[PDB]
Every structure is written in structure tokens, then in C-alpha cells.
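The lines below spell out each chain.
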Amino acid sequence: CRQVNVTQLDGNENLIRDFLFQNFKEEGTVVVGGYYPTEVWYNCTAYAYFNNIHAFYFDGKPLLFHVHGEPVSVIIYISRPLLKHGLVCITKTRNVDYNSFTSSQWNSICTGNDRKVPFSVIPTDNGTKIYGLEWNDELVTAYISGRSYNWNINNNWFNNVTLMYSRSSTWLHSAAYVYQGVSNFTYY
Ligand SMILES: *[C@@H]1O[C@H](CO)[C@@H](O[C@@H]2O[C@H](CO)[C@@H](O)[C@H](O)[C@H]2NC(C)=O)[C@H](O)[C@H]1NC(C)=O
Ligand SMILES: *[C@@H]1O[C@H](CO)[C@@H](O)[C@H](O)[C@H]1NC(C)=O
Ligand SMILES: *[C@@H]1O[C@H](CO)[C@@H](O)[C@H](O)[C@H]1NC(C)=O
Ligand SMILES: *[C@@H]1O[C@H](CO)[C@@H](O)[C@H](O)[C@H]1NC(C)=O
Ligand SMILES: *[C@@H]1O[C@H](CO)[C@@H](O)[C@H](O)[C@H]1NC(C)=O
């Protein structure tokens, strides 16, 4: 909705250079290519829609976004075990109510046959590292802090995500999240 230089924020000066040098641990020069985030990000019961994207990056304020796929879809909800802000819901179902998901209690949200995984957003890096997701029809990569985790799942991803940025009060009404979707093969 509104563009923002992501490197001009506080604590986000080196959140990108710390990401392009994750795997390059040698001395010298090299040109790399991939779905790498750019400098201009997007700070903006509200919804946002990204289409034709291959990766999704972003940087206790709550956020929610749903990655569409068949026959399994992914829900990431950052808001209950102690110091476990984030939740991953591997929904095998189709359309899901994004309001009843957040308004209801955390004890019964991702229930039924849907897999629930509570993960700890590290509240000690002061939001100075990129959080991200990347997917193809064979592998799903998650970037949290400075490490990459892989999952092997055979899915049919639709390359679009649904994002919730505004709602009424596990949800505190605030806007402290920047996000971006990557669709082109960028070189650094
Ligand atoms: C994400 O993309 C998928 C795949 O294109 C969309 O699913 C199709 O949506 C169209 C309308 O745009 C329907 O006519 C098709 O029947 C849908 N196909 C399937 C297999 O579901 C989906 O709507 C997109 N979602 C968002 C939120 O943009
Ligand atoms: C980013 O900063 C440059 C100057 O460094 C400015 O011209 C540009 O408009 C900014 N882009 C934004 C705010 O989207
Ligand atoms: C995060 O901020 C705290 C509070 O100022 C500081 O003690 C800590 O070292 C910071 N962590 C970093 C810079 O990795
Ligand atoms: C995004 O912009 C809004 C509206 O101007 C502002 O309140 C908010 O602080 C910005 N968010 C960040 C993380 O900079
Ligand atoms: C991706 O690059 C093409 C040219 O290769 C350009 O036309 C298109 O607008 C780019 N897409 C985005 C989302 O920036």
C-alpha cells in the first residue's frame, strides 16, 4: 500500500547484508542469484494480497499470513507455551475464517486434523534479522534469525499469500511490521 526504504529504519540497517552473506563465508567476490529481497519494502479485519511471488519476507505486535496450496496450506500467526510467540498451522482444509482464527482462544485454534507447531520468535535480536519463507513443489525453506530450516513436502503451491495487517483486539492493534514478496530472479 505504501512504500518504505527498509534500510532506513531503526535496527534494520544491516538486516539485508546479514542475509546475503549467510552462506558466503569466504574471501573474494561473487555474484549470486535468487529470490533475494530488495531495498523498497511495503509498510501498510483488513487484508492484503500478493500474487505470483516465489518468496515472502518480513521484518508483541501480531501478524498473520496464509500461504495457499493444494492439498496442504500454511498459516503463520505471530502473537500458549512461555516465550512462544509464533505458531505454524499446516491446514489440510481449504478456506478458513481469519477472524474466528484470531478471536478464539489459543487453546483451540489449529485443532482437528491440522498440524500445530508453536515456535519461538527470538526476542533478543531486537528485530534486526530477516524472517522469511521460500517454497517450491519439493522443498520449503524457513529463515528465522540467522539459520535456515528445510521441510520436504510434496505440494502444489499457488504462489500467492493472504496477509492480515489490521484487526480489533491475542491481537494488539498496531502497525510495526514490514513485508515484501519476491517474484523475480534478482542478482547481488
Ligand atoms: C491463488 O492462486 C490460485 C491459483 O490460481 C487461485 O485459485 C484459483 O482462483 C481462481 C480465481 O482467481 C478460480 O477461478 C480458480 O478456480 C481457483 N483454482 C483453484 C485450484 O482453487 C486462488 O484464488 C488465489 N488466491 C488468492 C488469495 O489470490
Ligand atoms: C529511499 O531513499 C531515497 C534517498 O536515499 C529517496 O529518494 C527515496 O524516495 C526513498 N524511497 C522510499 C521512501 O520509498
Ligand atoms: C538488543 O537490545 C538489548 C537492549 O538494548 C541489548 O542489550 C542487546 O545486546 C541487543 N542485542 C543485539 C544488538 O544483538
Ligand atoms: C508504518 O507506517 C505507519 C503509518 O505511517 C507507522 O505508524 C508505522 O510506525 C510504520 N511502521 C514501521 C515498522 O516503521
Ligand atoms: C519482473 O521482471 C520483469 C522483467 O523481467 C518485469 O517486467 C516485471 O515487472 C518484474 N516483476 C515485478 C513484480 O517486479
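For each chain, positions are counted from 1 along the sequence as written; this may not be the entry's numbering. Residues without coordinates are not shown. Chains and ligands are labelled by the order in which they are written, letters from A for the one and numbers from 1 for the other. Any value reported refers to the chains on display, which are one part of a larger assembly. To get the side-chain values, take all heavy atoms of the structure and skip hydrogens and water. Residues with missing side-chain atoms are left out of burial classes, side-chain pairs and their counts.

As deposited, the entry is annotated with cryo-EM as its determination method and 2.7 Å as its resolution.

### A few points about the overall build of the protein
Selection criterion: Helix and strand assignments come from DSSP, with helices taken as H or I runs of at least 4 residues and strands as E runs of at least 2, each series counted from the N terminus. Based on C-alpha atoms, the radius of gyration is set beside the globule rule, defined as 2.2 Å times the residue count to the power 0.38.
Scanning the protein from terminus to terminus reveals 2 helices and 15 strands. In summary, the protein has a C-alpha radius of gyration of 17 Å against a globular reference of 16 Å for 188 residues, a match within 12%. Over its C-alpha atoms, taken along the principal directions, the protein stretches across nearly 50 × 35 × 30 Å.

### Let's talk about the side chain of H68
Inclusion rule: Think of a polar contact as two N or O atoms within 3.5 Å of one another; within protein, one of them needs to be a possible hydrogen donor and the other a possible acceptor, and neighboring residues in sequence only count if both atoms come from side chains. Note on contacts: a residue pair qualifies if any of its non-hydrogen atoms lie within 4.5 Å across the two residues.
Within the element layout of this structure, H68 appears in strand 6 (residues 63-70). Here the side chain of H68 touches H66 through a polar contact of 3.2 Å, side chain to side chain. Aside from chain neighbours lying at most four places away, what touches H68 is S73, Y98, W157, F158, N160, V161 and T162.

### Looking at the state of the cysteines
Simply put, disulfide is the name for a covalent bond between the sulfur atoms of two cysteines. The condition that has to hold: When two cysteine sulfur atoms are found within 2.5 Å, that pair is recorded as a disulfide.
Residue pairing for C1: its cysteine sulfur links by disulfide to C44, the two sulfurs lying 2.0 Å apart. Of this pair, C1 sits in the segment before strand 1 (3-5) while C44 is found in the loop between strand 3 (40-42) and strand 4 (48-51), placing the two residues 43 residues apart along the sequence. A sulfur-sulfur distance of 2.0 Å marks the disulfide that ties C89 to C110. Looking down the S-S bond of the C89 and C110 bridge, the torsion is 85°, so its handedness is right-handed. Separated by 21 residues along the polypeptide, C89 in strand 8 (residues 86-91) and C110 in the loop between helix 2 (98-103) and strand 9 (115-119) bring together distant segments of the chain.

### Side note on the pairing of strand 12 (residues 147-152)
Cut-off, in case you're wondering: Any two strands with at least two DSSP-identified bridges between them are counted as paired.
Pairing of strand 11 (residues 139-144) with strand 12, which is carried by 6 bridges, proceeds in the antiparallel orientation. Counterpart to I144 in the pairing with strand 12 is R147. Hairpin geometry of strand 11 and strand 12 is characterised by an intervening segment of 2 residues between the two adjacent antiparallel strands and by a positive phi of about 55° at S145.

### Examining the sheet that holds strand 6
Going by this rule: Orientation is described by lines fitted to C-alpha atoms, with helices fitted over the stretch in contact, and by angles between N-to-C directions that extend from 0 to 180 degrees.
Strand order in the open sheet formed by 6 strands is 4-13-6-7-8-9, and the pairing between neighbours is antiparallel. This sheet does not close on itself; its edge strands, each paired only once, are strand 4 and strand 9. Strand after strand, the sheet turns through a mean of 15° between neighbouring axes, direction not considered. Sheet analysis places strand 8 next to strand 9, joined by 5 bridges and oriented antiparallel.

### Digging into the environment of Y131
With respect to the secondary-structure elements, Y131 resides in strand 10 (residues 131-135). The sequence separation of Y131 and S145 amounts to 14 residues, and the corresponding C-alpha distance is 6.8 Å. Residues in contact with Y131, not counting those within four places in the same chain, are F56, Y57, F58, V121, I122 and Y143.

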